[PDB]
């Protein structure tokens, strides 16, 4: 299964993989001063990295199904989409584009928030056409989507 990573970057099981170079997540990068849930209307900004914002500290953007968005998170997260928890689906109407994330297959995916509230991924590049929704979350932990 796709591993989880702790707030220092150390993988918690399995073997460590690097993130895709054109992902919005850039490692190494600190996080986890506080767990800060935010709404889809209150997604973090650029410039928030150092100061934070009214809502609190900011290490970037995390997400799990729900949808539940965080602007900082302390516990275990994914650095790549656990595609074992994903299933093919037709393209939805997108409410929000949130970033480019690496897949457990090693490839780059665009990640969207659908109208129904599902997290969907579409392969960013190459002759790839995959449209997948995050259906399970076994370990109830978010993907680090973007780093500030």
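Just so we're on the same page, rigid core means the largest C-alpha set that superposes within 1.5 Å between forms. Numbering follows the first chain given and starts at 1.
Core-aligned Cα RMS comparison in 6 other deposited structures of this protein - stretch that moves more, 44-52 or 109-117: Higher average C-alpha offset in 6 other deposited structures of this protein goes to 44-52.
Using only the Cα atoms and their B-factors as the entry lists them, report which of 119-127 and 52-60 averages higher. Per the PDB record, 119-127.
Could you check the entry and say whether 62-70 or 87-95 has the higher mean CA B-factor? Comparing averages over the C-alpha atoms only gives 87-95.
Between 80, 41, 100, 31, which carries the biggest CA temperature factor in the record? Highest C-alpha B-factor among the listed options: 41.
According to the Cα B-factor stored in this entry, which of the following is highest: 1, 143, 4, 148? Reading the PDB entry, the winner on C-alpha B-factor is 148.
Taking the values exactly as deposited, rank residue 137 by C-alpha B-factor within its chain and report the matching third: lowest, middle or highest. Tercile = highest for this residue's CA B-factor.
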